[PDB]
Amino acid sequence: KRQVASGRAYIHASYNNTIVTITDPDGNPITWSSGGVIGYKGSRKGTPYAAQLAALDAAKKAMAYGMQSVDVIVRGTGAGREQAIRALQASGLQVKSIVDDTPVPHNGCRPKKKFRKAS
Amino acid sequence: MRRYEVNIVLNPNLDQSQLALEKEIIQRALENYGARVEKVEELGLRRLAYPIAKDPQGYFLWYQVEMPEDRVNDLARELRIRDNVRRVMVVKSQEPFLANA
Amino acid sequence: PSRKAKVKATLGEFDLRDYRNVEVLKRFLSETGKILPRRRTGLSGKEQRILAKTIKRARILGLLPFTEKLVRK
Amino acid sequence: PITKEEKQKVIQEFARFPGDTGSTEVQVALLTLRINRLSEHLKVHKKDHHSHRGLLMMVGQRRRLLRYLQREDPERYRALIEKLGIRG
RNA sequence: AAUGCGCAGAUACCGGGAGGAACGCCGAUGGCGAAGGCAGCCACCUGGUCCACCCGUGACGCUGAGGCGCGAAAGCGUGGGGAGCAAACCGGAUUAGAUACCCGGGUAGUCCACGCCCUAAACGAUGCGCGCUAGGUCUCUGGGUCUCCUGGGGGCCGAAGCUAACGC
Ligand SMILES: [Mg+2]
Ligand SMILES: [Mg+2]
Ligand SMILES: [Mg+2]
Ligand SMILES: [Mg+2]
Ligand SMILES: [Mg+2]
Ligand SMILES: [Mg+2]
Ligand SMILES: [Mg+2]
Ligand SMILES: [Mg+2]
Ligand SMILES: [Mg+2]
Ligand SMILES: [Mg+2]
Ligand SMILES: [Mg+2]
Ligand SMILES: [Mg+2]
Ligand SMILES: [Mg+2]
Ligand SMILES: [Mg+2]
Ligand SMILES: [Mg+2]
Ligand SMILES: [Mg+2]
Ligand SMILES: [Mg+2]
Ligand SMILES: [Mg+2]
Ligand SMILES: [Mg+2]
Ligand SMILES: [Mg+2]
Ligand SMILES: [Mg+2]
Ligand SMILES: [Mg+2]
Ligand SMILES: [Mg+2]
């Protein structure tokens with residue numbers, strides 16, 4: 001109940017789950033979703049299917065505040081990074097843009113050993 | 001006495017009063033540190049790449065100077081001491097390197 | 001082949017130490033902010049060494065970005 | 001850094017005759033000028049070990065030329081020492 | 001999967017702040033250093049090196065037992081610091097068991113200053129110097145009459161030759 005028409009959708013990709021925040025054009029959340037929210041327990045969530053309904057859920061929830069179109073920001077390299085984007089296109093929302101924006105350090109903190117590989 | 005280049009980026013939105021006041025102190029702080037000032041370019045404000053000091057713009061300067069080396073670092077800090085002075089980049093002067101000339 | 005558009009050809013008789021020159025300097029950066037590889041700058045080993053030292057300097061002045069954001073992904 | 005106008009003063013001084021730039025005196029003199037500057041650098045900056053190796057070599061090149069000079073002209077040696085006041 | 005975190009509202013998102021640490025791209029087929037080793041940017045201080053001129057000294061050279069200095073990491077002492085990471089440790093899993101690999105925590109430590117320690121697959125597993133003995137090709141950095149010639153450095157291929165062989 002706000003009538004924002006336009007806003008932003010942040011897709012957050014990850015190997016373990018995919019989550020999607022929808023947001024007014026200043027970055028304040030309107031609604032969100034993820035694979036858990038959709039229904040999935042541990043481990044499916046990361047699946048591309050999860051991300052499909054995750055994104056669709058979020059958009060359906062945002063059509064309620066009468067959104068017509070959004071900008072897409074995607075961060076993460078997970079599975080179903082794209083399926084979240086496809087789903088927002090076929091969502092009926094108008095995707096005005098897509099922008100990768102996964103954060104990376106200019107060599108900052110020591111990774112956890114699972115992300116260290118070698119030298 | 002070596003040839004440097006004093007780079008200074010002060011706040012974008014002032015006026016020919018507070019701006020001319022900082023200008024005064026730069027001219028002041030330059031000279032009182034033994035810096036003759038070979039030439040100058042006040043290349044206006046420009047749109048910054050990323051926002052510095054919360055401002056998307058920044059007023060620029062460029063004093064090509066000669067001065068004793070042993071007093072360069074201090075000059076840079078005394079240049080930096082004001083709050084409306086956001087970057088100071090003192091660089092040793094070098095001959096151009098025309099490539100694809 | 002791998003012989004698309006280079007950079008060194010695109011411009012002319014430019015100084016390689018002019019960290020204040022931007023419209024020239026910004027031609028050597030990624031779609032993002034990343035400094036371009038020699039295979040795409042077409043600079044000599046030594047030319048490219050000097051490009052960094054300045055593109056970096058130019059970054060500190062806030063004339064050149066350190067990083068950006070990939071459009072249309 | 002020791003620039004030209006200083007290096008001159010030294011050579012011109014310790015030269016054996018106008019134009020001599022590489023006689024043992026002129027070298028031992030020149031080197032001594034370099035050692036002294038380096039030892040000051042190393043009174044602060046004790047942690048600069050790479051430079052300290054430079055100095056070990058300069059000291060070594062000097063005591064090498066003196067060792068030669070105190071065998072070719074041992075009164076011309078006595079004089080260089082006095083003139084600098086070194087090796088003692 | 002669970003432990004764990006979350007309605008004292010977390011995860012995702014926006015703005016502001018504090019801090020500790022490390023410097024993406026450029027970047028290697030690269031460079032520097034005697035070795036260990038050395039990468040944001042600026043300034044000062046300072047070491048080694050290469051080339052051209054062929055100017056000066058006139059065998060002043062090489063090597064080097066002892067000595068003296070330097071020496072990744074871990075480790076120690078005294079203060080300081082402490083973001084992330086993480087021996088020990090505390091838990092969740094797995095398993096026949098699992099004092100492990102996987103998962104959630106976590107202290108010393110990792111960082112600084114000063115002082116110790118003196119080790120290593122400290123490796124090219126190849127001591128230093130000089131002279132001699134086909135070439136080709138790629139590359140870093142000088143010089144010149146600059147299709148190329150001439151130095152210094154890093155690779156690859158190979159003459160002679162060597163090697164137990166691999167190789168050189
Ligand atoms: Mg609970
Ligand atoms: Mg409640
Ligand atoms: Mg958070
Ligand atoms: Mg924040
Ligand atoms: Mg803190
Ligand atoms: Mg290499
Ligand atoms: Mg080497
Ligand atoms: Mg090594
Ligand atoms: Mg030097
Ligand atoms: Mg001669
Ligand atoms: Mg003679
Ligand atoms: Mg040690
Ligand atoms: Mg240590
Ligand atoms: Mg300690
Ligand atoms: Mg403490
Ligand atoms: Mg941890
Ligand atoms: Mg653990
Ligand atoms: Mg302790
Ligand atoms: Mg220490
Ligand atoms: Mg040439
Ligand atoms: Mg060679
Ligand atoms: Mg043969
Ligand atoms: Mg054979």
# chains A, B, ... in the order shown; residues from 1 in each chain; ligands from 1
call {"tool": "interface_residues", "arguments": {"of": "chain E", "to": "chain D", "cutoff": "7 Å", "atoms": "only C-alpha atoms (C1' of nucleotides)", "output": "PDB file with C-alpha atoms (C1' of nucleotides), in the first residue's frame"}}
result
ATOM      1  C1'   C E  45      66.730   9.172   3.005  1.00  0.00           C
ATOM      2  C1'   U E  46      69.797   5.253   0.729  1.00  0.00           C
ATOM      3  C1'   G E  47      72.241   0.387  -1.671  1.00  0.00           C
ATOM      4  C1'   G E  56      92.229   9.518 -14.925  1.00  0.00           C
ATOM      5  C1'   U E  57      95.142   5.692 -11.532  1.00  0.00           C
ATOM      6  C1'   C E  60      95.766  -1.615  -6.928  1.00  0.00           C
TER       7        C E  60
END
call {"tool": "interface_residues", "arguments": {"of": "chain B", "to": "chain C", "cutoff": "9 Å", "atoms": "only C-alpha atoms", "output": "list in words"}}
result
residues 7, 8, 9, 46, 47, 48, 49, 50, 51, 52, 58, 87, 88, 89, 94, 95, 96, 97, 98, 99, 100 and 101 of chain B
call {"tool": "write_last_selection", "arguments": {"atoms": "C-alpha atoms", "output": "JSON list (two decimals), in the first residue's frame"}}
result
[["chain", "number", "residue", "atom", "x", "y", "z"],
["B", 7, "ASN", "CA", 48.01, 19.16, -6.61],
["B", 8, "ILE", "CA", 45.14, 20.47, -4.48],
["B", 9, "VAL", "CA", 41.45, 19.58, -4.55],
["B", 46, "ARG", "CA", 35.39, 18.91, -12.42],
["B", 47, "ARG", "CA", 33.04, 15.97, -12.01],
["B", 48, "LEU", "CA", 34.88, 13.45, -9.80],
["B", 49, "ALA", "CA", 35.00, 9.74, -10.60],
["B", 50, "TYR", "CA", 33.74, 8.53, -7.23],
["B", 51, "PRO", "CA", 32.45, 10.94, -4.54],
["B", 52, "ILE", "CA", 35.16, 12.48, -2.35],
["B", 58, "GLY", "CA", 35.70, 19.11, -6.54],
["B", 87, "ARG", "CA", 43.32, 16.06, -1.46],
["B", 88, "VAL", "CA", 46.85, 17.27, -1.66],
["B", 89, "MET", "CA", 49.04, 15.48, -4.18],
["B", 94, "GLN", "CA", 59.14, 14.90, -14.72],
["B", 95, "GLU", "CA", 59.81, 15.35, -18.41],
["B", 96, "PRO", "CA", 56.92, 14.24, -20.71],
["B", 97, "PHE", "CA", 56.94, 10.84, -22.36],
["B", 98, "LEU", "CA", 55.16, 11.23, -25.66],
["B", 99, "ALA", "CA", 54.00, 7.84, -26.87],
["B", 100, "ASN", "CA", 52.47, 7.25, -30.30],
["B", 101, "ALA", "CA", 53.88, 10.70, -31.12]]
call {"tool": "interface_residues", "arguments": {"of": "chain B", "to": "chain E", "cutoff": "12 Å", "atoms": "only C-alpha atoms (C1' of nucleotides)", "output": "number ranges by chain"}}
result
B: 2, 4-7, 54, 68-77, 87-92
call {"tool": "write_last_selection", "arguments": {"atoms": "N, CA, C and O atoms", "output": "PDB file, in the first residue's frame"}}
result
ATOM      1  N   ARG B   2      64.252  21.200  -5.876  1.00  0.00           N
ATOM      2  CA  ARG B   2      63.827  20.344  -6.985  1.00  0.00           C
ATOM      3  C   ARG B   2      62.518  20.852  -7.561  1.00  0.00           C
ATOM      4  O   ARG B   2      61.874  21.707  -6.966  1.00  0.00           O
ATOM      5  N   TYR B   4      58.726  20.270  -8.328  1.00  0.00           N
ATOM      6  CA  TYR B   4      57.568  19.465  -7.989  1.00  0.00           C
ATOM      7  C   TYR B   4      56.336  19.901  -8.759  1.00  0.00           C
ATOM      8  O   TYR B   4      56.425  20.656  -9.720  1.00  0.00           O
ATOM      9  N   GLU B   5      55.188  19.391  -8.329  1.00  0.00           N
ATOM     10  CA  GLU B   5      53.880  19.811  -8.807  1.00  0.00           C
ATOM     11  C   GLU B   5      52.953  19.601  -7.621  1.00  0.00           C
ATOM     12  O   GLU B   5      52.803  18.476  -7.127  1.00  0.00           O
ATOM     13  N   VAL B   6      52.364  20.690  -7.143  1.00  0.00           N
ATOM     14  CA  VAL B   6      51.453  20.623  -6.010  1.00  0.00           C
ATOM     15  C   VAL B   6      50.011  20.507  -6.475  1.00  0.00           C
ATOM     16  O   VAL B   6      49.467  21.438  -7.044  1.00  0.00           O
ATOM     17  N   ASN B   7      49.400  19.354  -6.242  1.00  0.00           N
ATOM     18  CA  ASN B   7      48.011  19.162  -6.609  1.00  0.00           C
ATOM     19  C   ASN B   7      47.099  19.370  -5.406  1.00  0.00           C
ATOM     20  O   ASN B   7      47.351  18.817  -4.337  1.00  0.00           O
ATOM     21  N   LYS B  54      31.968  13.096   0.443  1.00  0.00           N
ATOM     22  CA  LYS B  54      30.517  13.138   0.216  1.00  0.00           C
ATOM     23  C   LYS B  54      30.071  14.030  -0.959  1.00  0.00           C
ATOM     24  O   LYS B  54      28.884  14.110  -1.275  1.00  0.00           O
ATOM     25  N   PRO B  68      62.981  23.588  -1.628  1.00  0.00           N
ATOM     26  CA  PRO B  68      63.901  22.612  -1.044  1.00  0.00           C
ATOM     27  C   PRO B  68      63.165  21.316  -0.692  1.00  0.00           C
ATOM     28  O   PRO B  68      62.022  21.339  -0.221  1.00  0.00           O
ATOM     29  N   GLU B  69      63.828  20.194  -0.950  1.00  0.00           N
ATOM     30  CA  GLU B  69      63.254  18.875  -0.778  1.00  0.00           C
ATOM     31  C   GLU B  69      62.938  18.613   0.673  1.00  0.00           C
ATOM     32  O   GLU B  69      61.872  18.107   1.000  1.00  0.00           O
ATOM     33  N   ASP B  70      63.865  18.972   1.547  1.00  0.00           N
ATOM     34  CA  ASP B  70      63.747  18.645   2.961  1.00  0.00           C
ATOM     35  C   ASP B  70      62.511  19.246   3.613  1.00  0.00           C
ATOM     36  O   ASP B  70      62.183  18.907   4.749  1.00  0.00           O
ATOM     37  N   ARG B  71      61.821  20.121   2.888  1.00  0.00           N
ATOM     38  CA  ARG B  71      60.640  20.788   3.415  1.00  0.00           C
ATOM     39  C   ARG B  71      59.392  20.547   2.564  1.00  0.00           C
ATOM     40  O   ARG B  71      58.440  21.324   2.622  1.00  0.00           O
ATOM     41  N   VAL B  72      59.389  19.470   1.782  1.00  0.00           N
ATOM     42  CA  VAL B  72      58.232  19.126   0.950  1.00  0.00           C
ATOM     43  C   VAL B  72      57.117  18.451   1.734  1.00  0.00           C
ATOM     44  O   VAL B  72      55.957  18.868   1.645  1.00  0.00           O
ATOM     45  N   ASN B  73      57.460  17.409   2.494  1.00  0.00           N
ATOM     46  CA  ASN B  73      56.463  16.676   3.268  1.00  0.00           C
ATOM     47  C   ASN B  73      55.681  17.555   4.232  1.00  0.00           C
ATOM     48  O   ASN B  73      54.458  17.453   4.312  1.00  0.00           O
ATOM     49  N   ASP B  74      56.382  18.426   4.951  1.00  0.00           N
ATOM     50  CA  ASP B  74      55.723  19.332   5.886  1.00  0.00           C
ATOM     51  C   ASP B  74      54.791  20.281   5.160  1.00  0.00           C
ATOM     52  O   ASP B  74      53.662  20.506   5.591  1.00  0.00           O
ATOM     53  N   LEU B  75      55.269  20.819   4.046  1.00  0.00           N
ATOM     54  CA  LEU B  75      54.460  21.688   3.206  1.00  0.00           C
ATOM     55  C   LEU B  75      53.182  20.981   2.777  1.00  0.00           C
ATOM     56  O   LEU B  75      52.123  21.591   2.688  1.00  0.00           O
ATOM     57  N   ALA B  76      53.284  19.689   2.515  1.00  0.00           N
ATOM     58  CA  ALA B  76      52.118  18.938   2.104  1.00  0.00           C
ATOM     59  C   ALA B  76      51.148  18.814   3.267  1.00  0.00           C
ATOM     60  O   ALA B  76      49.939  18.890   3.071  1.00  0.00           O
ATOM     61  N   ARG B  77      51.665  18.645   4.480  1.00  0.00           N
ATOM     62  CA  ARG B  77      50.783  18.448   5.630  1.00  0.00           C
ATOM     63  C   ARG B  77      50.098  19.749   6.035  1.00  0.00           C
ATOM     64  O   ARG B  77      48.914  19.759   6.356  1.00  0.00           O
ATOM     65  N   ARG B  87      42.134  16.801  -1.071  1.00  0.00           N
ATOM     66  CA  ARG B  87      43.325  16.057  -1.460  1.00  0.00           C
ATOM     67  C   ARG B  87      44.462  17.019  -1.631  1.00  0.00           C
ATOM     68  O   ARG B  87      44.273  18.147  -2.089  1.00  0.00           O
ATOM     69  N   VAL B  88      45.649  16.570  -1.268  1.00  0.00           N
ATOM     70  CA  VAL B  88      46.850  17.268  -1.664  1.00  0.00           C
ATOM     71  C   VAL B  88      47.767  16.237  -2.291  1.00  0.00           C
ATOM     72  O   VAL B  88      48.115  15.259  -1.643  1.00  0.00           O
ATOM     73  N   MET B  89      48.141  16.426  -3.551  1.00  0.00           N
ATOM     74  CA  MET B  89      49.038  15.476  -4.180  1.00  0.00           C
ATOM     75  C   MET B  89      50.276  16.154  -4.717  1.00  0.00           C
ATOM     76  O   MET B  89      50.272  16.648  -5.839  1.00  0.00           O
ATOM     77  N   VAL B  90      51.336  16.173  -3.915  1.00  0.00           N
ATOM     78  CA  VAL B  90      52.597  16.767  -4.344  1.00  0.00           C
ATOM     79  C   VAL B  90      53.409  15.731  -5.102  1.00  0.00           C
ATOM     80  O   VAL B  90      53.653  14.639  -4.591  1.00  0.00           O
ATOM     81  N   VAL B  91      53.835  16.065  -6.314  1.00  0.00           N
ATOM     82  CA  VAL B  91      54.522  15.091  -7.155  1.00  0.00           C
ATOM     83  C   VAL B  91      55.834  15.655  -7.684  1.00  0.00           C
ATOM     84  O   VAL B  91      55.890  16.825  -8.021  1.00  0.00           O
ATOM     85  N   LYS B  92      56.899  14.861  -7.751  1.00  0.00           N
ATOM     86  CA  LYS B  92      58.123  15.388  -8.346  1.00  0.00           C
ATOM     87  C   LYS B  92      57.915  15.583  -9.840  1.00  0.00           C
ATOM     88  O   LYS B  92      57.337  14.713 -10.497  1.00  0.00           O
TER      89      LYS B  92
END
call {"tool": "closest_atom_pairs", "arguments": {"of": "chain E", "to": "ligand 4", "cutoff": "10 Å", "atoms": "only C-alpha atoms (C1' of nucleotides) and all ligand atoms", "output": "Markdown table"}}
result
| residue | atom | partner | partner_atom_place_in_ligand_line | distance |
| --- | --- | --- | --- | --- |
| E:13 | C1' | ligand 4 | 1 (Mg) | 9.9 |
| E:14 | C1' | ligand 4 | 1 (Mg) | 8.0 |
| E:15 | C1' | ligand 4 | 1 (Mg) | 7.3 |
| E:16 | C1' | ligand 4 | 1 (Mg) | 8.0 |
| E:17 | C1' | ligand 4 | 1 (Mg) | 9.3 |
call {"tool": "residues_near_ligand", "arguments": {"ligand": "ligand 21", "cutoff": "9 Å", "atoms": "only C-alpha atoms (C1' of nucleotides) and all ligand atoms", "output": "ChimeraX atom specification"}}
result
/E:152-154
call {"tool": "residues_around", "arguments": {"residues": "residue D:63", "least_positions_apart": "5", "cutoff": "9 Å", "atoms": "only C-alpha atoms (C1' of nucleotides)", "output": "PDB file with C-alpha atoms, in the first residue's frame"}}
result
ATOM      1  CA  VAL D  28      90.071   7.139  -1.435  1.00  0.00           C
ATOM      2  CA  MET D  58      82.873   0.848   0.319  1.00  0.00           C
ATOM      3  CA  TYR D  68      98.121  -0.432  -1.859  1.00  0.00           C
ATOM      4  CA  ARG D  87      92.156   4.608   9.500  1.00  0.00           C
TER       5      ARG D  87
END
call {"tool": "residues_near_ligand", "arguments": {"ligand": "ligand 7", "cutoff": "12 Å", "atoms": "only C-alpha atoms (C1' of nucleotides) and all ligand atoms", "output": "VMD selection string"}}
result
chain E and resid 31 to 35 37 124 153 to 154
call {"tool": "atom_distance", "arguments": {"atom1": "atom CA of residue B:34", "atom2": "atom CA of residue B:16"}}
result
26.8 Å
call {"tool": "residues_around", "arguments": {"residues": "residue A:108", "least_positions_apart": "6", "cutoff": "8 Å", "atoms": "only C-alpha atoms (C1' of nucleotides)", "output": "list in words"}}
result
residues 21, 22 and 23 of chain E
call {"tool": "residues_near_ligand", "arguments": {"ligand": "ligand 14", "cutoff": "12 Å", "atoms": "only C-alpha atoms (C1' of nucleotides) and all ligand atoms", "output": "PyMOL selection string"}}
result
chain E and resi 74-81+108-116
call {"tool": "closest_residue", "arguments": {"among": "E:50, E:85, E:73, E:126", "to": "chain A", "atoms": "only C-alpha atoms (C1' of nucleotides)"}}
result
E:85
call {"tool": "residues_near_ligand", "arguments": {"ligand": "ligand 1", "cutoff": "10 Å", "atoms": "only C-alpha atoms (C1' of nucleotides) and all ligand atoms", "output": "PyMOL selection string"}}
result
chain E and resi 4-6
call {"tool": "write_last_selection", "arguments": {"atoms": "N, CA and C atoms (P, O5', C5', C4', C3', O3' and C1' of nucleotides)", "output": "PDB file, in the first residue's frame"}}
result
ATOM      1  P     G E   4      22.934 -25.071  19.110  1.00  0.00           P
ATOM      2  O5'   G E   4      23.559 -23.910  18.214  1.00  0.00           O
ATOM      3  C5'   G E   4      24.892 -23.478  18.427  1.00  0.00           C
ATOM      4  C4'   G E   4      25.315 -22.466  17.403  1.00  0.00           C
ATOM      5  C3'   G E   4      24.441 -21.233  17.312  1.00  0.00           C
ATOM      6  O3'   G E   4      24.791 -20.268  18.283  1.00  0.00           O
ATOM      7  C1'   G E   4      24.859 -22.073  15.146  1.00  0.00           C
ATOM      8  P     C E   5      23.663 -19.434  19.062  1.00  0.00           P
ATOM      9  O5'   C E   5      23.161 -18.368  17.990  1.00  0.00           O
ATOM     10  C5'   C E   5      24.036 -17.363  17.514  1.00  0.00           C
ATOM     11  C4'   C E   5      23.530 -16.715  16.251  1.00  0.00           C
ATOM     12  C3'   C E   5      22.164 -16.071  16.292  1.00  0.00           C
ATOM     13  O3'   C E   5      22.103 -14.855  17.016  1.00  0.00           O
ATOM     14  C1'   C E   5      22.399 -17.269  14.287  1.00  0.00           C
ATOM     15  P     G E   6      20.928 -14.671  18.106  1.00  0.00           P
ATOM     16  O5'   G E   6      19.650 -14.394  17.202  1.00  0.00           O
ATOM     17  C5'   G E   6      19.732 -13.441  16.165  1.00  0.00           C
ATOM     18  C4'   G E   6      18.522 -13.479  15.291  1.00  0.00           C
ATOM     19  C3'   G E   6      17.203 -13.612  15.998  1.00  0.00           C
ATOM     20  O3'   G E   6      16.794 -12.425  16.637  1.00  0.00           O
ATOM     21  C1'   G E   6      17.233 -15.029  14.135  1.00  0.00           C
TER      22        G E   6
END
call {"tool": "interface_residues", "arguments": {"of": "chain C", "to": "chain E", "cutoff": "7 Å", "atoms": "only C-alpha atoms (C1' of nucleotides)", "output": "short mmCIF file (atom, residue, chain, number, x, y, z; two decimals) with N, CA, C and O atoms, in the first residue's frame"}}
result
data_model
loop_
_atom_site.label_atom_id
_atom_site.label_comp_id
_atom_site.auth_asym_id
_atom_site.auth_seq_id
_atom_site.Cartn_x
_atom_site.Cartn_y
_atom_site.Cartn_z
N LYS C 34 38.61 -1.56 -14.41
CA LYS C 34 39.90 -2.25 -14.50
C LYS C 34 40.82 -1.72 -15.60
O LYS C 34 40.38 -1.43 -16.71
N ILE C 35 42.09 -1.60 -15.26
CA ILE C 35 43.12 -1.17 -16.20
C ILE C 35 43.27 -2.20 -17.30
O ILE C 35 43.39 -3.39 -17.02
N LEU C 36 43.27 -1.75 -18.55
CA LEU C 36 43.30 -2.68 -19.67
C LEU C 36 44.62 -3.39 -19.85
O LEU C 36 45.70 -2.83 -19.58
N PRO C 37 44.55 -4.65 -20.30
CA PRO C 37 45.72 -5.48 -20.56
C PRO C 37 46.47 -4.98 -21.80
O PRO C 37 45.89 -4.29 -22.64
N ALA C 52 50.06 2.62 -15.83
CA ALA C 52 49.57 2.25 -14.51
C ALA C 52 49.92 3.34 -13.52
O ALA C 52 49.03 3.95 -12.94
N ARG C 57 47.64 7.24 -10.13
CA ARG C 57 47.69 8.63 -9.64
C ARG C 57 46.40 9.37 -9.92
O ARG C 57 45.90 10.15 -9.09
#
call {"tool": "closest_residue", "arguments": {"among": "D:2, D:8, D:39, D:29", "to": "residue D:79", "atoms": "only C-alpha atoms"}}
result
D:29
call {"tool": "residues_around", "arguments": {"residues": "residue A:15", "least_positions_apart": "5", "cutoff": "8 Å", "atoms": "only C-alpha atoms (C1' of nucleotides)", "output": "ChimeraX atom specification"}}
result
/A:46,77-79
call {"tool": "residues_near_ligand", "arguments": {"ligand": "ligand 20", "cutoff": "10 Å", "atoms": "only C-alpha atoms (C1' of nucleotides) and all ligand atoms", "output": "PDB file with C-alpha atoms (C1' of nucleotides), in the first residue's frame"}}
result
ATOM      1  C1'   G E 142      70.821   0.564 -22.903  1.00  0.00           C
ATOM      2  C1'   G E 143      73.771   2.535 -27.405  1.00  0.00           C
ATOM      3  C1'   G E 144      74.628   3.299 -32.870  1.00  0.00           C
ATOM      4  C1'   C E 146      68.350   1.967 -36.353  1.00  0.00           C
TER       5        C E 146
END
call {"tool": "select_by_dssp", "arguments": {"residues": "chain C", "states": "strand (DSSP E or B)", "output": "short mmCIF file (atom, residue, chain, number, x, y, z; two decimals) with N, CA and C atoms, in the first residue's frame"}}
result
data_model
loop_
_atom_site.label_atom_id
_atom_site.label_comp_id
_atom_site.auth_asym_id
_atom_site.auth_seq_id
_atom_site.Cartn_x
_atom_site.Cartn_y
_atom_site.Cartn_z
N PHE C 14 50.19 11.57 -27.46
CA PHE C 14 49.88 11.93 -26.08
C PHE C 14 50.99 11.64 -25.07
N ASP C 15 51.07 12.52 -24.07
CA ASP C 15 51.96 12.36 -22.93
C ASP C 15 51.49 11.14 -22.15
N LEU C 29 40.69 2.00 -19.73
CA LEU C 29 40.05 1.29 -18.62
C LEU C 29 38.98 0.34 -19.12
N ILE C 35 42.09 -1.60 -15.26
CA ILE C 35 43.12 -1.17 -16.20
C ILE C 35 43.27 -2.20 -17.30
N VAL C 71 27.05 -3.28 -16.83
CA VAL C 71 25.69 -3.04 -17.31
C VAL C 71 25.17 -4.14 -18.25
#
call {"tool": "residues_around", "arguments": {"residues": "residue E:104", "least_positions_apart": "3", "cutoff": "9 Å", "atoms": "only C-alpha atoms (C1' of nucleotides)", "output": "list in words"}}
result
residues 3, 4, 91 and 92 of chain E
call {"tool": "write_last_selection", "arguments": {"atoms": "C-alpha atoms (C1' of nucleotides)", "output": "PDB file, in the first residue's frame"}}
result
ATOM      1  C1'   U E   3      25.382 -27.624  15.748  1.00  0.00           C
ATOM      2  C1'   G E   4      24.859 -22.073  15.146  1.00  0.00           C
ATOM      3  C1'   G E  91      30.742 -28.259  19.902  1.00  0.00           C
ATOM      4  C1'   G E  92      27.828 -30.595  15.054  1.00  0.00           C
TER       5        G E  92
END
